[PDB]
Structure formats: C-alpha cells, structure tokens
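What follows are structure tokens for two forms of the same protein chain, given separately as structure 1 and structure 2.
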Structure 1
C-alpha cells in the first residue's frame, strides 16, 4: 500500500499516493474535482479526478460505480481509459473517497480552435478520431450523450480522446429528440453532436445559437427542414407532433448555403449526420467509410469493444451495496501495460 499525503486545493481536500506529485487544479463541478499531476512512475502528466460525495445517496453511489466500471472497460486510443484508481481508506468501513486517474492531453477542442484556424485536413483527422472512438463506445452499447468540444481532449499532435462518456453550453450540441424529451433514444444522438461540432470547425461559429431550447429548436428545424410524413409517423403523442410543426415556421435555410466554402464531401457528410430522424442518421461505423475520411479510414484498425456487462444499470440497490461493489472494483484493479 503506497504512502499517501494530504493537501488542500481550492477548499477541497486531496489525499493521493506520493506517486503523484505537483497537483494543479484544472477542473471543478458536479462531476467532481480534477487536478493535473505528475505521475513520477511513468514521467507523464496525468489527470486525477476526486469524485464529489460518491456515497451520499443511492443515485450518487450508483453513478460512482458506473463511472468506475466504464473507465475500467475502455481500452481504445480515442477514448479515455483508467490508468489508476485509489482511495485513502484501508477498509470498506472507512471507504468514503474515490480517485480516478487517466491521461492528460493538455487542451480541449475549444482551446485548440481559439489559437489555430483549422484546415480541412485538420477537420478530417479530428472528426475521424471522434467517430472512431464513437464506433468503439457505441459497440459496447454505451452512449456519450453530452458530446461537445470540452469533452474532447487533444494533444499537440492534434490526436484526440473522448472524455466523460456514458455518465450524463451543452445544449448547442444536443440532439433535438433530447431537447424535445421524446423518450427512448439511440446511439445516434452522439452523431448529431458530432455534426454540430464539425459544422463549428468549418464555419467558426455555433450552428444553433439558441438563447434557450425553443429558440434553438426553431433554428434546427429551419435548417434540416420540417419533419416529413415518415418522421411524424413515429411520434405517438398528438401534442408532440403538433408542437414540432409549430416550431418549424421560420423561413427555410439551405444546407449548402450555410457551409459555402467547405469541402463538398464535408458538406455531404454533415447532411448525413444532421438528420432529424435518428433512425436515418449515419452511424459512426458507416461514417468512418465515408469518402471524406479517405486518407484516414482503415477497416483493420477501427476496433469495437469487448462485451460490456452493464446489467447493473437495471438494478435498484441500497447505498451499502453500491458502495461495496465499488470498493471491490477498486481492489481488483490491475493497471494497463
């Protein structure tokens, strides 16, 4: 058992193995607190996340276990995986804090764009990697559902890793079916997000700048058009159908016009991602074969994930059960090569 050392950072107490040195806050929110640290074992900077109050409630307890399970399963170059997980506690009885460790890339997509004007080749590489990671997570039946530039870690070689998936402004990249609260959705909500991100990288501006969700929904419908007979056919709720038609009264926008000077292939791909009907949206695996990624696509190097056991998701357990399951996972953790 490594020796730990305590430290107070921005009001929050951090107790970590001496292995991690020079803690530096990067990170704060409802998801927990995040610090950058120097992993002296490998010589590389890492990201350390201290979960808020992991076992405060059943919902907290379950999401603590969830994130631990998720990270322990992901092993892909475009997806954050678990480098280490630890707790200062020596027993289940004293177990109250959980720390997760992963790669620190250095910047997020917003930062990259802030400093550099992306070339079309940059766009293919960045989106290609997002889609490649997405094919992987989606294959394990996991959905990000909050894909956005701040959830995209990029290193100085513009290589990318998807961050904080399977856990959930955010709205700009959110799929319309979510903003409309239509129930039971699919993996392509992430594809819609990728479309909003890609458009942004091409035009340099937010595609659907809605002050609120309604304003934004009107902007979405204005661009991808009123729902056809086919889509309206799958919406049961009469109130839902009427309301959506009521939001598509803005003058129609032409898709090609919005993305003028961009690569023709880029625009075609954008059209296949920003489809109102999620059943007709291109999937990540399909997207990877699109001609826009000709220079990067390789079917022998775009793997899917090992079977992921998430039967715990349809389980309603007590705090102490969720806590014990989490503790067992912390103990059984074996670091990667």
Structure 2
C-alpha cells in the first residue's frame, strides 16, 4: 500500500497517493470532480476524477460499478482509459470513495471547433479517430449513446479520445429514432452522432440546433426527408406511425448542395451516416474503409475489443453488494505496462 496525503480543493477533500503531486482543480466534470496532477512515478500529467457520492443509493452504487467495469475493459488509443484507480480505504468497512486516473487531455472538440475553423485534412484525422475508437467500443457490444463534441478529448497533437462511453434546445447530436423514443435503437445511433459532429466541423455550424425533441425531429426530417415506405413498415408504435404519416411529406435534400464547397468524399460519407433508417446507416468498421480516410486507414491497425460481460446490468442487488463488487474491482486493478 502506498502513502496517502489529504488536502481540500474547491470545498472538496482529496486524499491521494503521494505519487500524484500538484493537484489543481480542472472542473466538476461528470458524476465527479476532476483535478490535473503530476505523476511523479512517470513524469506525466494526469487527470484524477473523484466520484461524487459513489455509494449513496442503489442507483449510484450500480452506476459506479458500471463505470469502473467499463473503464477497466477499454484499452484503445482513441478511448479514454485507466492509468490507475485507488481508494484511501484499507478495508471494505471504510470503503467510501473512488478515484480514477487517466492521461491529462488538454481540450475537447467543442473548444477547438468554436475557437478555429478546421481544414478538410484535420476533419479527416479527427473523424477517423472517432470512428476507430467507435469500432472498438461497438465490437464489445457497447453503445456510447451520448456522443457530442464535449465528450471528445483532444490534445495539441490532434490526438483524440472518446469520453463517457456506455454511461446512462435539445440534444443536437441524438439520432431521430431516439427523439421518437424507440426502445430498440442500436449502435448506429452513434454513427448518427458522428455525422452531426462531422457536419459541424466542416461548416462551423450546428447541423440540427433543435429547441426541443419535437423541433429536433422536424429539423432532421427537413434535411433527410420524411420516412419512406420501407422504413414505415418497421414502426410498430401506432401513435408514432400515425404521427409520422400525419406530417406533410418532406423530400430528401441533396447534400451536395447543402454542403456546397466541401470535399465531395466528405459529402458522400455524410450521406451514408445521416440515413434516417438506422438499418441502412454505415457502420464504424465500414466507414473506416471509406475513401475519405484513404490517407489514415490501416486495416491492420484498427483493432477490436475483447468480449465484455454486461450481465450485471440485469441484476437487482443491495447497495452493500454493489459496493463490495466495486471494491473487488479496485483491488484487482492491474496498471497497464509502462
């Protein structure tokens, strides 16, 4: 066991191993607070997240377990990963706090797109890295479900990592089937989000800046058109099908006119991501092979993930049992090779 030390940062107590020095508050990001720090063992700048109230309710205890299980499984250059996870507790009896450690990332995609316009070459590289991480995530049967610019961490090398995967105006990046509350949406919802992000990087403008869920769907249908007969056959909900058919029909717009002046390969890919029928949307693996990424695509360096057991999601357990399971996962953590 290492030696811990205690301090207060922004009305919050931080107790960390002495290997982490020079903690500076970076902001209350996520179900937790984040501090930048200097890792004396490696010489690298790290981000340390302290979870808030991790075992206060069954909801929190399960979510804490879910996030730790998820972060421990991900080992990919374009997905946020765990350098370390620790607790100051010496036993389960006094186990009450969980701290997570990853490499410090300088900014998010929202900070970049707002502060500067991006050339087509940067768009290629950024979207390529999103899709490469997504191929990995999806191969483990994990859906992100909330991809957006602020969940994409980026540093000055333009290296990118996906944050907050698999966890839990209205969402401008959410797939339309979600706005319609379809309960059997699948991993292609993330491809829709990537299309919206890509469009924004190319134009500098939010593609679908809806004011609420109804307006969000309206804006979407204005660009991609109202559902065709093939898609209508797949809608079981009677209220939804009746609503969709009651709308005045909208034609699909030509993306080459909407994104005039963009690389026509970029436009072709957007067409393939922003398809209304989720069954016809391009997958992450397929998108990586698209000619738009010809200068980065390497089929021998686009790996998939090990199998990921999500069976715990269907279990009904006590707080103390979720806490014990989380404790087990803290103690069994093995840091990645230096």
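Residue numbers count along the first chain shown, from 1. Rigid core: the largest C-alpha set superposing within 1.5 Å between the two forms.
Student: Could you check which of 244, 142, 194, 74 shows a C-alpha shift of 2 Å or more between the two structures after a rigid core superposition?
Tutor: After core superposition, the single residue displaced by 2 Å or more is 244.
Student: Rigid core superposed, CA of residue 116 - does it shift 2 Å or more between the two structures?
Tutor: Yes, shifts by 2 Å or more.
Student: Quick one: core overlaid, is residue 253 moving 2 Å or more at the Cα between the two structures?
Tutor: Indeed, residue 253 is displaced by 2 Å or more.
Student: State the core-superposed CA shift for residue 278 between the two structures, in Å to one decimal.
Tutor: Residue 278 C-alpha displacement between the two structures, core-aligned: 1.0 Å.
Student: What is the C-alpha shift for residue 29 between the two structures, rigid core superposed, to one decimal in Å?
Tutor: Its C-alpha shift, to one decimal, is 4.9 Å.
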